[PDB]
Amino acid sequence: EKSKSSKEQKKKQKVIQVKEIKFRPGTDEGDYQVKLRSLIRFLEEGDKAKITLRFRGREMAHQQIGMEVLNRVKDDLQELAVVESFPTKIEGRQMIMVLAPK
Amino acid sequence: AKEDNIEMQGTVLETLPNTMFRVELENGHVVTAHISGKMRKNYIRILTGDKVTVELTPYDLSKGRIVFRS
RNA sequence: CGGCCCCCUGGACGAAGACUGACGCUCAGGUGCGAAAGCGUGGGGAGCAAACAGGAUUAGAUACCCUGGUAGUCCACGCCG
RNA sequence: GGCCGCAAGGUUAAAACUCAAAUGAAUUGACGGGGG
Ligand SMILES: [K+]
Ligand SMILES: [K+]
Ligand SMILES: [K+]
Ligand SMILES: [K+]
Ligand SMILES: [Mg+2]
Ligand SMILES: [Mg+2]
Ligand SMILES: [Mg+2]
Ligand SMILES: [Mg+2]
Ligand SMILES: [Mg+2]
């Protein structure tokens with residue numbers, strides 16, 4: 001009978017979810033700082049963060065520009081997060097980094 | 001009958017609003033450049049990190065016209 | 001401004017006369033009244049509900065949706081205009 | 001700046017500067033996660 005009760009006590013642990021943030025190669029300081037505050041919030045709540053970076057048209061020519069954004073994010077969330085899947089190449093027209101808490 | 005324009009080469013450092021760009025030249029000087037009428041009529045997009053030909057004038061060495069994107 | 005009843009009280013309209021004899025019309029300044037929210041001091045508090053808390057949706061969602069919920073919404077007196 | 005208000009604010013009310021428009025109604029299309 002019930003035990004539902006016990007399930008609720010088990011439930012007050014945790015479930016981890018993946019929160020996707022998407023940058024671009026040219027993204028200005030103010031707009032970067034907004035997206036950083038989103039990531040800080042997610043990670044301090046104990047959630048994974050799939051940081052994407054997309055390219056259009058001939059932005060793919062200058063791949064190095066995009067890479068530095070992902071490097072900047074990583075170094076700003078170094079104390080809060082660990083890296084889980086730092087990208088190598090442009091798969092599609094995208095690069096995907098995955099961070100995780102602590 | 002017009003005075004001659006010296007052409008230099010340079011890299012796009014930054015995109016500014018409405019077809020304006022900061023461009024570092026080979027000499028080391030940064031200039032604010034605008035797209036030519038030919039390039040905008042024929043839809044030649046310029047991006048950050050592109051290499052460009054900059055028509056300069058002696059009257060102002062802080063301004064230029066981007067006339068080619070390689 | 002909307003249940004029903006009593007008490008106090010303002011205006012409008014009609015019918016026939018009688019009475020006053022232009023006593024009128026408009027109004028800068030002035031004076032009063034003035035939805036809701038809001039403010040002050042006391043009350044009251046069912047329902048509802050800014051803020052807020054949690055659950056979701058989402059690329060994100062400081063929202064829309066869900067479960068709650070304080071001021072407030074109500075009363076007296078004053079303010080606000 | 002004045003007056004008013006406990007406060008929130010209200011009221012009276014400019015100029016420099018910048019542009020060659022801004023606007024009202026109606027007409028023909030196209031479009032609508034409007035209808036038939
Ligand atoms: K209550
Ligand atoms: K004033
Ligand atoms: K004017
Ligand atoms: K139609
Ligand atoms: Mg009466
Ligand atoms: Mg009220
Ligand atoms: Mg009150
Ligand atoms: Mg409620
Ligand atoms: Mg609600």
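Proteins get letters first, then strands, A, B, ... in listed order; numbering begins at 1 in each. The figures here come from the full heavy-atom set of this structure, side chains too, leaving out hydrogens, waters and symmetry mates.
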Would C17(D) be called syn or anti here, given the cut-off of 90° from 0? anti
Taking [M] as the reference, what is the distance to [N] when you measure between their [atom1] atoms (whole Å, please)?
N      : M      : atom1 : answer
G81(C) : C6(D)  : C1'   : 16 Å
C4(C)  : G42(C) : P     : 39 Å
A16(D) : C33(C) : P     : 43 Å
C66(C) : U57(C) : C1'   : 11 Å
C80(C) : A7(D)  : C1'   : 10 Å
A56(C) : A63(C) : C1'   : 13 Å
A71(C) : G38(C) : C1'   : 12 Å
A8(D)  : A36(C) : P     : 24 Å

Atom [atom1] of [X] and atom [atom2] of [N]: how far apart are they, to the nearest Å?
X      : N      : atom1 : atom2 : answer
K35(A) : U62(C) : NZ    : P     : 17 Å
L36(A) : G60(C) : CG    : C1'   : 14 Å
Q33(A) : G60(C) : CD    : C1'   : 17 Å
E8(A)  : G54(C) : CD    : P     : 16 Å
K50(A) : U58(C) : NZ    : P     : 14 Å
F42(A) : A59(C) : CZ    : P     : 12 Å
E44(A) : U62(C) : CD    : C1'   : 16 Å
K14(A) : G55(C) : NZ    : P     : 14 Å

Taking only the side-chain nitrogens and oxygens of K19(A), find out if one of them lies under 4.0 Å from OP1 or OP2 of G60(C). yes
Would one find a side-chain N or O of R24(A) under 4.0 angstrom from OP1 or OP2 of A59(C)? no
For [N], the Watson-Crick or wobble counterpart (both distances under 3.5 Å):
N      : answer
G38(C) : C79(C)
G36(D) : none
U28(D) : none

Can we call [N] and [M] a base pair, counting Watson-Crick and G-U wobble only and needing both distances under 3.5 Å?
N      : M      : value
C48(C) : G72(C) : yes
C64(C) : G30(C) : no
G68(C) : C52(C) : yes

Quick one: do [N] and [M] stack, meaning six-ring centroids under 5.5 Å and planes under 30°?
N      : M      : answer
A25(D) : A26(D) : yes
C64(C) : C65(C) : no
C33(C) : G34(C) : yes
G45(C) : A46(C) : no
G78(C) : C79(C) : yes

When we call it a touch if two heavy atoms are under 4.0 Å apart, what does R54(A) touch: a base, just sugar-phosphate, or nothing? nothing
Should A14(D) be tagged north or south? The rule is the sign of the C1'-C2'-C3'-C4' torsion. north
Test your reading of the model: is there a side-chain donor-acceptor pair from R58(A) to the backbone of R45(B), 3.5 Å cut-off? yes
Is any NZ, NE, NH1 or NH2 atom of the basic residue among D47(A) and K19(A) found under 4.0 Å from an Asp or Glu carboxylate oxygen of the other? no
If we only count heavy atoms from C-beta on, is the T48(B) to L13(B) side-chain gap below 4.5 Å? no
Tell me which one of [options] satisfies side chain to side chain contact (heavy atoms under 4.5 Å, CB included) with [X].
X      : options                        : value
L25(B) : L61(B), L56(B), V30(B)         : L56(B)
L70(A) : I96(A), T52(A), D75(A), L53(A) : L53(A)
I66(B) : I44(B), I46(B), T19(B)         : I46(B)

According to a hydrophobic-cluster definition based on side-chain heavy atoms being under 4.5 Å apart (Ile, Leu, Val, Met, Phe, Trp, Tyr only), do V83(A) and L43(A) belong together? yes
